[PDB]
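K.L.:
Take this structure, written in structure tokens, and hold onto it; I'll ask about it next.
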Amino acid sequence: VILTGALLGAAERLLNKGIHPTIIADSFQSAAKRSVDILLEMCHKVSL
Amino acid sequence: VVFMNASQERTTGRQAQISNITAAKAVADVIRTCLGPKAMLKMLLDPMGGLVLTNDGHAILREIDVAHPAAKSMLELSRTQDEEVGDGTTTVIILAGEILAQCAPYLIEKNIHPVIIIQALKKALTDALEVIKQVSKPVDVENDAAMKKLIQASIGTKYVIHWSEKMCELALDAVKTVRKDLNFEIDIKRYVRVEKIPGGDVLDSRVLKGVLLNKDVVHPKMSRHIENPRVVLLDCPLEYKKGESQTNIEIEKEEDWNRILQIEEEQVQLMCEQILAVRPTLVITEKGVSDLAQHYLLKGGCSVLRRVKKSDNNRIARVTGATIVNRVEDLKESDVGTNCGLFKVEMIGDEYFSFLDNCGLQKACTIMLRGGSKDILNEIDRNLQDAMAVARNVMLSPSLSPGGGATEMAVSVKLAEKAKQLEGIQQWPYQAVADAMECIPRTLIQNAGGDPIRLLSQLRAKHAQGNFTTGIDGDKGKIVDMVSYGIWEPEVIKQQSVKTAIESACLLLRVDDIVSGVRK
Amino acid sequence: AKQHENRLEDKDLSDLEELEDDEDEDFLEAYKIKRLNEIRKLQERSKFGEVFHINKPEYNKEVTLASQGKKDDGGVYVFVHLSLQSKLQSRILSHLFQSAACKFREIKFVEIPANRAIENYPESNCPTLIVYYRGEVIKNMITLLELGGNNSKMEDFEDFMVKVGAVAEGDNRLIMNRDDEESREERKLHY
Amino acid sequence: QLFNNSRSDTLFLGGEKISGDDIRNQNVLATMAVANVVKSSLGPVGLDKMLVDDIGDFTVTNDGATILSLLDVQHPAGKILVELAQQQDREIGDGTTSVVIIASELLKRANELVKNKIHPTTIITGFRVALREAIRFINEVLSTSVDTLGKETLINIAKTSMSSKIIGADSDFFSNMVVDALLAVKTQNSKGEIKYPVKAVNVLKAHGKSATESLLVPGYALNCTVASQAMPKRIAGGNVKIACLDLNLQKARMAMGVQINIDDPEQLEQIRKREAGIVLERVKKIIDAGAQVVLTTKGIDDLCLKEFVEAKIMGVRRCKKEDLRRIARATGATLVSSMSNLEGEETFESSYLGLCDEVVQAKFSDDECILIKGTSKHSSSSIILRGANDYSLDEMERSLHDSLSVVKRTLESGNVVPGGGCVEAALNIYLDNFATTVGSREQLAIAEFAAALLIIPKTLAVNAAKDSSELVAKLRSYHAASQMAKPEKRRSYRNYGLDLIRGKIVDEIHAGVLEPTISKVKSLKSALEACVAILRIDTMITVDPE
Amino acid sequence: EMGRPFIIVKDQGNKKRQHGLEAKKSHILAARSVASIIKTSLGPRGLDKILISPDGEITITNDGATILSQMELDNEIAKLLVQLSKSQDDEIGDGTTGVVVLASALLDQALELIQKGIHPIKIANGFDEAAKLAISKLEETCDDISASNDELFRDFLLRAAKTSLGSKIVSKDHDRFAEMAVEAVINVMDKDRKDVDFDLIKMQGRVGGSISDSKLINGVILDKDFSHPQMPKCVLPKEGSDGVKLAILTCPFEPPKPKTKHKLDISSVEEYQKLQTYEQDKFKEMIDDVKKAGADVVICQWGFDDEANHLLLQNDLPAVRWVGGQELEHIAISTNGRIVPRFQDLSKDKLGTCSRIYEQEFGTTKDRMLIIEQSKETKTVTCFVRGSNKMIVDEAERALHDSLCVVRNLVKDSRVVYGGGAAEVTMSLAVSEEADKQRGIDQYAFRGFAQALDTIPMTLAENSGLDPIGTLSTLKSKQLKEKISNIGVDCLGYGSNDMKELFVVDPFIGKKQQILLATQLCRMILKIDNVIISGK
Ligand SMILES: Nc1ncnc2c1ncn2[C@@H]1O[C@H](COP(=O)(O)OP(=O)(O)O)[C@@H](O)[C@H]1O
Ligand SMILES: Nc1ncnc2c1ncn2[C@@H]1O[C@H](COP(=O)(O)OP(=O)(O)O)[C@@H](O)[C@H]1O
Ligand SMILES: Nc1ncnc2c1ncn2[C@@H]1O[C@H](COP(=O)(O)OP(=O)(O)O)[C@@H](O)[C@H]1O
Ligand SMILES: [Mg+2]
Ligand SMILES: [Mg+2]
Ligand SMILES: [Mg+2]
């Protein structure tokens with residue numbers, strides 16, 4: 001509930017900068033999809 | 001954001017105690033003139049509309065709803081004194097008020113703690129019971145002539161002192177009837193019956209050992225005068241008892257409906273035949289009676305009376321010795337009452353009255369009071385309750401003490417001698433107990449119309465000589481000894497007064513905060 | 001309750017002397033000193049008494065500013081008259097100003113031509129009566145059809161002065177309260 | 001406090017919103033507002049109070065257990081102290097007045113630590129290390145239960161529970177009463193573990209002579225009236241049999257949904273007879289067993305009363321379930337819910353009946369009570385309290401009921417400690433030296449925790465209307481030397497407290513006041529767990545009702 | 001509470017409070033609510049707005065001060081912005097709309113820094129150091145125009161005149177309003193080109209006509225006709241004379257009476273006839289005094305009666321009535337005349353001089369408005385503005401007033417800067433450059449002010465309909481590539497981000513005043529913690 005409000009705060013100033021909302025939306029989905037791949041490299045496996 | 005639905009504001013500190021002690025003084029002021037032989041009367045207007053003319057303390061307090069909660073502890077003392085003894089209710093209230101009134105200027109003035117006062121009252125109560133035991137003495141309990149003047153002591157305040165010669169014989173025969181051998185006097189007021197008959201004359205009365213019923217016979221053929229009656233008590237109705245199972249009958253044949261009503265007649269026939277197995281002459285039942293059952297009992301002469309109360313059946317049982325049996329099959333000759341006589345129905349236009357008289361030591365009686373109005377019948381009836389209440393304690397314990405302010409003055413003189421001998425921090429409230437016993441003698445004197453400052457001043461010097469039986473007369477106000485006149489009460493009344501007065505003061509002195517708004 | 005108040009309230013300094021024999025000296029003389037002080041205040045406030053015929057420059061000088069008075073809020077009512085010699089009601093209202101000026105000396109009575117009052121004023125709206133008090137206009141009165149028109153009398157004008165708060169209701173100078181001596185003489189005889 | 005805050009500025013909540021240190025201050029005033037009524041009731045010098053229900057009815061109460069339960073508070077932060085008073089009454093049964101004062105002062109004294117930018121997580125950690133250090137110090141300073149040749153302990157334990165009551169002056173008489181009562185109603189369970197069931201003794205609301213002349217019953221007293229007046233009231237002779245039944249003895253209908261239907265009207269009277277006969281066959285076999293006294297949970301119809309009056313049997317209706325288990329447990333009988341056995345036949349055996357020496361019905365101020373004394377198998381006890389009225393006896397009933405719980409704990413756990421704020425003052429000297437050892441920010445938390453514990457001995461002097469600093473300074477001086485006692489008994493300057501009736505510091509062992517250590521343990525944890533619940537709240541969200 | 005009524009301040013339950021973070025969000029969002037009103041108004045592609053007064057009258061304005069002045073508000077934060085726009089309007093008269101969006105830009109960027117936990121004083125001190133640093137840089141880069149001659153100095157006023165007229169209506173005829181605005185100052189100016197008096201030129205609008213009918217006239221506007229219009233309307237001068245010999249009098253034509261109340265008593269018929277002789281001889285002596293003085297037109301303050309109409313008509317002497325004292329202050333300075341108090345002090349040296357007097361109708365029945373014109377340069381210019389609507393001519397007044405105020409700023413020496421978004425971006429990149437080495441704790445404070453200055457170019461990008469990111473990216477890259485700092489956002493579409501080419505100029509004193517009032521108000525709003533407001 002805090003990261004959602006933070007990204008909305010990022011989208012708040014970006015709406016004034018003449019960018020479409022759909023372009024802002026797709027940017028987070030591509031950025032979030034890349035964020036999963038970064039953590040998959042960082043996370044370490046454990047035993048049973 | 002109140003934080004409290006029940007009195008978020010508070011009245012704490014000393015102001016709550018001023019409201020408490022002043023309220024305890026106000027309940028005593030409305031009954032200050034209700035002491036002594038020259039005491040006045042009061043009238044109360046209940047919301048239901050039933051007026052009552054009272055001077056006893058218990059009847060005054062119970063019919064007065066009080067909004068002050070601290071005062072209500074004083075209202076219940078006469079209730080406690082009533083159920084315990086039934087005499088001396090007014091002295092408990094004024095004595096508790098004087099203890100609270102005398103103990104008032106110590107937290108304000110001396111700032112002495114309440115718990116130190118609680119210790120002071122217990123040692124004073126311990127010494128109060130000690131000197132009352134020294135002042136009291138025993139007397140003979142079986143002397144009927146001696147019992148008359150003791151019953152006359154409590155009667156002297158009430159209106160019926162003018163008929164004290166009749167009231168003493170009226171109460172002495174009644175209390176001796178219910179008395180039995182076995183706390184050595186286990187008889188109870190519940191067995192004693194008192195029926196209030198408006199009309200007549202109070203001088204004409206007698207103690208009849210029986211149970212006075214307030215109804216007529218059910219059938220006119222029955223004889224109202226029986227020489228050798230035979231009482232049989234029953235709980236089953238003579239009517240047909242309806243089953244609680246809700247039984248329904250499938251009638252197919254034609255003779256079934258006629259046979260059912262014939263079985264109804266056959267059941268009442270067989271039921272009445274079992275009543276006649278022991279051939280009684282008087283039957284009593286606490287339930288209804290069918291008209292079908294009245295005819296079959298005419299041949300046997302079994303007089304029936306119906307809708308009798310449950311308590312009256314028990315009182316009929318103890319007088320005649322009959323056993324209450326529900327079913328009609330278990331009637332034996334021992335179940336039938338015996339040693340009964342003088343069954344007669346006196347005709348009075350208001351209501352029909354039937355008398356009973358005897359020839360398992362428990363017994364009972366019915367005092368038929370005659371008067372002029374229903375309200376004064378309650379007055380004389382309450383005097384009968386006070387007439388036997390003073391007689392129980394002399395029979396329970398043989399101990400006996402004087403009264404009329406003398407026994408209270410003896411407590412103050414003995415406490416005052418040792419109050420200076422104590423020489424401690426608790427001696428200040430210890431002196432308040434000695435000064436608190438002076439209200440009773442004072443009250444008596446004030447009501448009598450004398451000057452209490454000089455009458456009590458010489459009374460201090462009189463008791464200093466070493467005598468205890470010197471009191472104050474209520475009519476003229478002498479310092480004559482009560483041995484000549486004969487003012488004597490039991491010891492239990494004064495013991496319960498000082499105990500209830502001290503125990504009530506301990507309850508009310510330890511209150512500092514008042515709250516409301518709970519709505520439990 | 002009013003019977004005790006009518007002894008002092010309903011009697012002036014000249015009428016209060018009648019109760020010298022009946023009422024107490026201290027009760028009467030205490031109120032006479034009070035009423036005497038009120039009479040002295042009216043004399044000090046009597047700075048006027050005749051019609052102030054002003055010019056347009058003085059219109060501020062004598063009207064608005066004057067209505068402030070001491071500025072103790074010592075306000076002063078200033079009745080202005082936009083006169084016009086051609087109209088009938090104007091000369092009638094001018095006569096009322098001269099009569100009222102001799103009586104009410106504390107109230108300032110002002111007169112000026114209507115042509116010199118407002119830029120190109122409508123002549124049909126003349127005469128015009130304005131009442132200033134502490135710089136504020138209390139009443140902008142229109143031609144005297146409200147006050148009877150051509151049949152306007154002195155009694156109607158004095159009644160208007162009471163409505164605007166210029167004169168008290170129970171003032172002894174008003175013709176409504178100033179009963180004639182013959183009227184009071186008949187009342188005492190028939191009493 | 002100053003003014004009301006803005007109502008949902010760009011938040012869109014239907015209710016109220018508040019945040020910051022304002023609500024934290026309101027919780028302090030809320031805990032102090034409900035604690036002020038508990039302040040004056042602490043210690044023997046405290047005075048009682050009365051709560052009016054706006055219907056004339058009132059009740060006198062000293063302990064804060066039922067006072068706060070009756071006071072309907074709407075602020076939820078105060079409800080935790082209300083439930084804390086009810087919680088402490090269930091487990092320990094004593095000290096409900098102390099946890100409210102201790103929990104309120106821990107929040108009040110910690111309020112200064114909030115505006116110092118000390119986080120509550122660090123404050124409670126400093127409180128918790130002070131707690132477990134205090135519990136170990138309490139486990140070191142506790143004393144054994146022998147102390148001499150004789151017992152000389154249980155009489156002194158009752159005085160602590162009996163103090164601050166209306167009958168505290170009569171505690172010398174009631175001290176022998178409570179110890180003789182609980183030693184009679186002991187039991188055996190778990191292969192050697194002794195238990196003491198609280199409330200098993202019967203507290204009767206009698207009126208009469210005084211609280212000093214209250215006679216201790218050597219046996220159980222049943223509070224119920226006799227059915228009929230023609231029955232025998234007193235039953236003498238040894239080996240009086242007690243029958244405890246619970247089945248329905250009055251005449252009842254058939255099964256819950258059946259309908260009686262018959263064609264032949266000849267047997268219509270016979271089915272009526274056997275329904276009246278089948279209930280009397282049960283009464284017939286009880287007379288064959290010879291039970292002098294029979295007790296029933298349900299009613300008793302008049303069809304059964306005639307047989308008891310004839311055979312001189314004492315039948316009593318309107319008994320309750322919880323009482324008859326104690327009658328059967330004391331008199332040696334067994335609870336009979338119905339008369340049957342493993343076989344198909346129906347009968348009654350004599351082994352189901354109890355035994356007692358004497359049964360007498362007594363009446364005192366419109367209170368009929370059946371006095372059952374002399375139980376052969378196991379003893380029992382009951383206390384007949386006597387006073388002014390019923391509302392004064394409710395304080396005595398709670399006074400006795402709390403006394404049983406305190407005497408229960410000193411027998412279950414022999415470890416005790418002295419009263420008068422001794423351990424509350426001893427922990428301050430122990431924690432001050434420990435506060436300097438830990439170093440960092442928890443010093444102020446441990447220090448202010450110790451300062452809050454001193455409120456118990458301070459309140460004894462404030463309510464006494466005496467000088468408090470002199471008694472606290474003298475109590476501080478003796479406890480200050482206890483840590484520096486220099487062992488080699490000559491370990492003096494310990495186990496001392498306040499004496500309020502005289503205003504001096506004397507030995508509490510000789511004065512005769514003690515309290516079990518387990519009450520101190522559970523009170524400290526329950527007070528701190530309540531303090532943790534209030535400190536961790538930041539913002540309130542009050543939703544109005546729909 | 002403890003049960004008692006716990007009250008401290010009078011009207012406890014009415015007023016409220018607000019603190020913590022929620023008090024700040026009420027402040028910044030209140031500025032954004034006002035900034036959205038001003039953001040769609042700023043720039044040449046802006047749009048007007050209608051302000052309905054309570055009395056039913058409306059005003060079509062696209063100026064931030066007049067919008068905020070006639071706006072009924074409740075929040076105190078906007079009421080300080082109402083006074084900030086009024087502060088810019090009174091002294092400079094340019095940038096009202098800017099000082100609102102710029103102050104909101106500092107407030108919007110301060111919201112992100114409050115989330116990080118920076119104290120407000122460090123935020124306020126950062127903008128104070130950044131504002132003076134930006135002013136110190138912009139004072140060095142701007143060039144002086146005093147070296148040029150008067151012919152080119154007139155062109156610099158035309159550069160700023162076209163800048164101020166545009167963005168307002170009156171942007172059609174704006175080429176002539178620029179020449180008319182510059183021509184007004186050529187007449188009214190000091191020989192040293194310094195400290196010109198602005199009070200000499202008053203505003204006067206007329207409801208009627210069209211914008212093309214407006215022209216320049218050097219004289220006074222009176223809303224009245226001549227007395228008794230039988231004479232010709234347009235009076236001409238004599239054949240040989242210095243002028244019309246204007247006369248002004250603050251004395252009404254009447255017999256001399258005392259200022260105090262008087263009582264002239266006439267106790268005889270002979271004295272009553274002398275009063276008739278005294279009545280007539282005063283009017284005869286009065287008209288002979290002005291006759292010998294040579295005056296043609298007479299101006300009277302306190303009016304006169306109808307007797308002087310025929311005496312003035314026969315001698316060919318026009319006159320007027322009810323001329324207010326404020327207009328006589330304007331008549332004496334225009335015609336260079338001295339107002340005589342009375343006729344005894346009447347002399348030919350005190351009379352004014354002007355070219356001609358005439359009157360026209362402007363339509364059917366509206367009113368006869370007097371016109372005066374001069375034959376040479378004088379110390380008074382009265383703009384004669386016409387309009388098809390009352391809101392058009394009302395907006396044209398305050399629009400032309402701001403135009404004269406912008407030229408008034410250029411009268412001060414060496415204060416010129418090229419605007420068009422260039423002044424904002426050129427002050428922004430240097431603040432971010434200073435932060436790279438002056439990092440400290442206030443590194444983000446400089447970045448907030450650097451991003452807040454760039455919002456005005458982005459505001460122009462929204463109104464013009466261009467991409468903001470591409471615009472600021474090109475301007476920022478161009479400023480880093482070349483140190484020439486007169487390139488800005490051109491929204492009117494003439495091509496060329498360069499700008500001196502596009503003849504636009506702003507006052508240097510006006511531009512530095514933008515960040516001063518913006519920073520000075522932001523320092524005040526950030527200090528507020530407790531917000532106590534009472535109910536109406
Ligand atoms: N004629 C009398 N002379 C002296 N004392 C009396 C007389 N009559 C009554 N008293 C006293 O007044 C008291 C009144 O007792 P009673 O009326 O029975 O109850 P209460 O004391 O509550 O009124 C008695 O205890 C008695 O000592
Ligand atoms: N006689 C006494 N002398 C000194 N302190 C006492 C005495 N009696 C009780 N206290 C103190 O009072 C405190 C609480 O008493 P408690 O009996 O719990 O009161 P309550 O019964 O009202 O809950 C105990 O911690 C104890 O130290
Ligand atoms: N014709 C124009 N060409 C380019 N820019 C202009 C033009 N007119 C105005 N501007 C710019 O628009 C911005 C806002 O001006 P504006 O809001 O109309 O003035 P004010 O704020 O005084 O009302 C100024 O910074 C100015 O540089
Ligand atoms: Mg009596
Ligand atoms: Mg306790
Ligand atoms: Mg502009």
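So you can find residues: chains in the structure tokens are A, B, ... in the order shown, residues in each start at 1, and ligands are numbered from 1 in order.
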Skip residue 74 of chain C itself and residues of its chain fewer than 6 positions away, then list as a PDB file with N, CA and C atoms, in the first residue's frame all residues within 10 Å of it, counting only C-alpha atoms.
P.N.:
```
ATOM      1  N   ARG C  45     -25.994  71.561  23.986  1.00  0.00           N
ATOM      2  CA  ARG C  45     -26.169  71.024  22.643  1.00  0.00           C
ATOM      3  C   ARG C  45     -26.893  71.976  21.697  1.00  0.00           C
ATOM      4  N   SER C  67     -22.293  66.274  10.791  1.00  0.00           N
ATOM      5  CA  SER C  67     -23.078  65.232  11.356  1.00  0.00           C
ATOM      6  C   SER C  67     -22.250  64.377  12.262  1.00  0.00           C
ATOM      7  N   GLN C  68     -20.933  64.469  12.190  1.00  0.00           N
ATOM      8  CA  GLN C  68     -20.098  63.748  13.144  1.00  0.00           C
ATOM      9  C   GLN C  68     -20.108  64.415  14.514  1.00  0.00           C
ATOM     10  N   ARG C 134     -23.836  61.211  11.671  1.00  0.00           N
ATOM     11  CA  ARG C 134     -22.513  60.586  11.758  1.00  0.00           C
ATOM     12  C   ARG C 134     -21.974  60.237  10.371  1.00  0.00           C
TER      13      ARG C 134
END
```
K.L.:
Could you list, as a PyMOL selection string, all residues that come within 7 Å of ligand 2? Count only C-alpha atoms and all ligand atoms.
P.N.:
chain D and resi 41-44+62-63+94-98+159-165+419-421+497-500+513
K.L.:
Take the residues from that selection and put them in a file with N, CA and C atoms, as a PDB file, in the first residue's frame.
P.N.:
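As a result, part.pdb now contains:
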```
ATOM      1  N   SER D  41      -9.188   4.350  46.913  1.00  0.00           N
ATOM      2  CA  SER D  41      -9.564   3.043  47.442  1.00  0.00           C
ATOM      3  C   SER D  41      -8.372   2.143  47.759  1.00  0.00           C
ATOM      4  N   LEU D  42      -7.137   2.635  47.634  1.00  0.00           N
ATOM      5  CA  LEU D  42      -5.944   1.815  47.819  1.00  0.00           C
ATOM      6  C   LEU D  42      -5.480   1.883  49.269  1.00  0.00           C
ATOM      7  N   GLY D  43      -5.109   0.728  49.816  1.00  0.00           N
ATOM      8  CA  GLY D  43      -4.521   0.647  51.131  1.00  0.00           C
ATOM      9  C   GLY D  43      -5.564   0.641  52.232  1.00  0.00           C
ATOM     10  N   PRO D  44      -5.160   0.350  53.477  1.00  0.00           N
ATOM     11  CA  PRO D  44      -6.131   0.383  54.585  1.00  0.00           C
ATOM     12  C   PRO D  44      -6.719   1.757  54.843  1.00  0.00           C
ATOM     13  N   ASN D  62     -15.411  -1.240  47.426  1.00  0.00           N
ATOM     14  CA  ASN D  62     -14.063  -0.716  47.625  1.00  0.00           C
ATOM     15  C   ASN D  62     -13.122  -1.143  46.502  1.00  0.00           C
ATOM     16  N   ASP D  63     -13.144  -2.424  46.141  1.00  0.00           N
ATOM     17  CA  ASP D  63     -12.265  -2.938  45.101  1.00  0.00           C
ATOM     18  C   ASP D  63     -12.696  -2.434  43.731  1.00  0.00           C
ATOM     19  N   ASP D  94      -6.997 -10.835  43.778  1.00  0.00           N
ATOM     20  CA  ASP D  94      -6.618  -9.733  44.648  1.00  0.00           C
ATOM     21  C   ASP D  94      -5.675  -8.813  43.884  1.00  0.00           C
ATOM     22  N   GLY D  95      -5.703  -7.534  44.248  1.00  0.00           N
ATOM     23  CA  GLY D  95      -4.863  -6.534  43.626  1.00  0.00           C
ATOM     24  C   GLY D  95      -5.438  -5.885  42.390  1.00  0.00           C
ATOM     25  N   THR D  96      -6.763  -5.886  42.225  1.00  0.00           N
ATOM     26  CA  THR D  96      -7.365  -5.215  41.078  1.00  0.00           C
ATOM     27  C   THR D  96      -7.170  -3.705  41.153  1.00  0.00           C
ATOM     28  N   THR D  97      -7.153  -3.147  42.362  1.00  0.00           N
ATOM     29  CA  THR D  97      -6.905  -1.723  42.552  1.00  0.00           C
ATOM     30  C   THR D  97      -5.472  -1.312  42.227  1.00  0.00           C
ATOM     31  N   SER D  98      -4.506  -2.229  42.321  1.00  0.00           N
ATOM     32  CA  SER D  98      -3.097  -1.889  42.150  1.00  0.00           C
ATOM     33  C   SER D  98      -2.659  -1.903  40.690  1.00  0.00           C
ATOM     34  N   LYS D 159      -4.999 -10.856  57.219  1.00  0.00           N
ATOM     35  CA  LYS D 159      -5.069  -9.437  57.552  1.00  0.00           C
ATOM     36  C   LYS D 159      -4.780  -8.552  56.346  1.00  0.00           C
ATOM     37  N   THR D 160      -3.912  -9.001  55.436  1.00  0.00           N
ATOM     38  CA  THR D 160      -3.619  -8.208  54.247  1.00  0.00           C
ATOM     39  C   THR D 160      -4.820  -8.157  53.310  1.00  0.00           C
ATOM     40  N   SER D 161      -5.476  -9.299  53.092  1.00  0.00           N
ATOM     41  CA  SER D 161      -6.665  -9.320  52.247  1.00  0.00           C
ATOM     42  C   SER D 161      -7.846  -8.639  52.925  1.00  0.00           C
ATOM     43  N   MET D 162      -7.945  -8.743  54.248  1.00  0.00           N
ATOM     44  CA  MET D 162      -9.039  -8.150  55.003  1.00  0.00           C
ATOM     45  C   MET D 162      -8.862  -6.657  55.257  1.00  0.00           C
ATOM     46  N   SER D 163      -7.672  -6.102  55.031  1.00  0.00           N
ATOM     47  CA  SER D 163      -7.477  -4.674  55.213  1.00  0.00           C
ATOM     48  C   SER D 163      -8.234  -3.893  54.139  1.00  0.00           C
ATOM     49  N   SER D 164      -8.466  -2.614  54.430  1.00  0.00           N
ATOM     50  CA  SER D 164      -9.169  -1.688  53.540  1.00  0.00           C
ATOM     51  C   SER D 164     -10.633  -2.066  53.323  1.00  0.00           C
ATOM     52  N   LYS D 165     -11.236  -2.801  54.261  1.00  0.00           N
ATOM     53  CA  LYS D 165     -12.632  -3.220  54.210  1.00  0.00           C
ATOM     54  C   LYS D 165     -13.372  -2.667  55.420  1.00  0.00           C
ATOM     55  N   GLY D 419       4.225  -6.700  52.870  1.00  0.00           N
ATOM     56  CA  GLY D 419       3.464  -5.619  52.280  1.00  0.00           C
ATOM     57  C   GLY D 419       4.063  -4.263  52.589  1.00  0.00           C
ATOM     58  N   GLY D 420       3.216  -3.241  52.513  1.00  0.00           N
ATOM     59  CA  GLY D 420       3.644  -1.887  52.803  1.00  0.00           C
ATOM     60  C   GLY D 420       4.580  -1.282  51.786  1.00  0.00           C
ATOM     61  N   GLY D 421       4.547  -1.747  50.540  1.00  0.00           N
ATOM     62  CA  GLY D 421       5.421  -1.209  49.518  1.00  0.00           C
ATOM     63  C   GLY D 421       6.875  -1.575  49.676  1.00  0.00           C
ATOM     64  N   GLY D 497       8.318  -1.556  55.881  1.00  0.00           N
ATOM     65  CA  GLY D 497       7.346  -0.800  55.124  1.00  0.00           C
ATOM     66  C   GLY D 497       6.720   0.262  56.002  1.00  0.00           C
ATOM     67  N   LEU D 498       5.620   0.828  55.511  1.00  0.00           N
ATOM     68  CA  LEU D 498       4.924   1.892  56.221  1.00  0.00           C
ATOM     69  C   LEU D 498       3.921   1.312  57.209  1.00  0.00           C
ATOM     70  N   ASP D 499       3.799   1.974  58.363  1.00  0.00           N
ATOM     71  CA  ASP D 499       2.768   1.697  59.361  1.00  0.00           C
ATOM     72  C   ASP D 499       1.916   2.956  59.468  1.00  0.00           C
ATOM     73  N   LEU D 500       0.719   2.910  58.881  1.00  0.00           N
ATOM     74  CA  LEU D 500      -0.084   4.110  58.703  1.00  0.00           C
ATOM     75  C   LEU D 500      -0.847   4.513  59.957  1.00  0.00           C
ATOM     76  N   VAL D 513       1.736  -8.744  58.483  1.00  0.00           N
ATOM     77  CA  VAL D 513       1.170  -8.470  57.163  1.00  0.00           C
ATOM     78  C   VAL D 513       2.089  -9.094  56.120  1.00  0.00           C
TER      79      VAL D 513
END
```
K.L.:
Quick check: residues of chain E within 8 Å of chain A, only C-alpha atoms, returned as a ChimeraX atom specification.
P.N.:
/E:458,462,467-469
K.L.:
Please, could you write that set of residues out with N, CA and C atoms as a CSV table (one decimal), in the first residue's frame?
P.N.:
```
chain,number,residue,atom,x,y,z
E,458,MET,N,7.3,24.9,-19.3
E,458,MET,CA,6.3,23.8,-19.5
E,458,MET,C,4.9,24.3,-19.5
E,462,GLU,N,2.2,23.7,-22.6
E,462,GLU,CA,0.8,23.2,-22.5
E,462,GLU,C,-0.2,24.0,-23.3
E,467,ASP,N,5.1,19.4,-27.2
E,467,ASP,CA,5.6,18.4,-26.3
E,467,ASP,C,6.5,19.2,-25.2
E,468,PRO,N,6.2,19.1,-23.9
E,468,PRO,CA,7.1,19.8,-22.9
E,468,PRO,C,8.5,19.2,-22.8
E,469,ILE,N,8.6,17.9,-22.9
E,469,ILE,CA,9.9,17.2,-22.6
E,469,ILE,C,10.8,17.5,-23.8
```
K.L.:
Residues within 7 Å of ligand 1 (only C-alpha atoms and all ligand atoms), as a PyMOL selection string?
P.N.:
chain B and resi 34-37+56-57+87-91+153-158+403-405+472-475+487-489
K.L.:
Using only C-alpha atoms for the distances, tell me which of E:534, E:109, E:149, E:69 is nearest to chain D.
P.N.:
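Using only C-alpha atoms, the shortest distance to chain D belongs to E:534.
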K.L.:
Should the cut-off be 7 Å, what would the residue list for chain C against chain E look like, counting only C-alpha atoms, as a list in words?
P.N.:
residues 52, 56, 57 and 119 of chain C
K.L.:
Please identify all residues of chain D having at least one atom at most 12 Å from any atom of chain E, considering only C-alpha atoms, and return them as a PyMOL selection string.
P.N.:
chain D and resi 1-11+17-22+26+28-37
